[PDB]
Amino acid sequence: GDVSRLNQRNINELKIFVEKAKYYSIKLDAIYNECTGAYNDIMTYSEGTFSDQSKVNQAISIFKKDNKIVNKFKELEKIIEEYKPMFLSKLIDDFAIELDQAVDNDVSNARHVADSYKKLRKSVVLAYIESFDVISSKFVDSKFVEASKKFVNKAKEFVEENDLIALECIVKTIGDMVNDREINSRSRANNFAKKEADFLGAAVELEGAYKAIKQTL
């Protein structure tokens, strides 16, 4: 029986999300580039020797100064909040609290800032996938829903290997599908090529289901 009207409403919701979230990977890269030195310094020099306390203090400053990094995470949260309300809220608060307490010089405290940052950045990537999951799950097309669950699973496995690389690939690939650009199914990576290709395989299946919907419209 014809469910064209429902399928067009589902496509509309997906296209809105993807276009609104299209800078998600660029914005997470900007956090990565500003914080990586500081994160690595905290991990290296947090061994209780105070030998490099000044380096740890400067690394904490990168994460804390002008609330800038916290606000970058809040900007990414504002994109997903419509779709996964309170997904990131707790982890953003836990980071904010650790940053406050890091004024107390301590090796543990700084390590907790670094750990809290790493956990929150991974959750920001997962929140993109969790938002796609919720949108996909409103589709009335069973073949699209089945392909979506597989895309979500392979997306989360890719994240386990590397959060930012997975997010970059997920954002470009779903972008290509909703803008009717043929998905490239091949990884040319020297790191994570197996997991990338597995995810691209699930994306090609989803593109097939999506195109089958579009040809009924």
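Residue positions are given as counts along the sequence shown, with the first one as 1.
The question of which stretch, 148 to 156 or 48 to 56, has the higher mean Cα B factor is settled in favour of 48 to 56. The PDB entry reports B-factors from which the mean C-alpha value can be compared for 69 to 77 and 100 to 108; the larger average falls on 100 to 108. Considering 126, 113, 134, 140 together, the PDB entry gives 113 the largest C-alpha B factor.
For the set 173, 185, 36, 179, the PDB entry puts the maximum C-alpha B factor at 185. The entry lists a Cα temperature factor for residue 217 that places it in the highest third of the chain's modelled residues. The deposited CA B-factor of residue 62 belongs to the middle third of values across its chain. Per the PDB record, residue ranking by Cα B-factor puts residue 29 in the lowest third of the chain. The PDB entry assigns residue 161 a C-alpha temperature factor belonging to the highest third of its chain's modelled residues. Residue 42: CA B factor lies in the middle third for its chain, per the PDB record.
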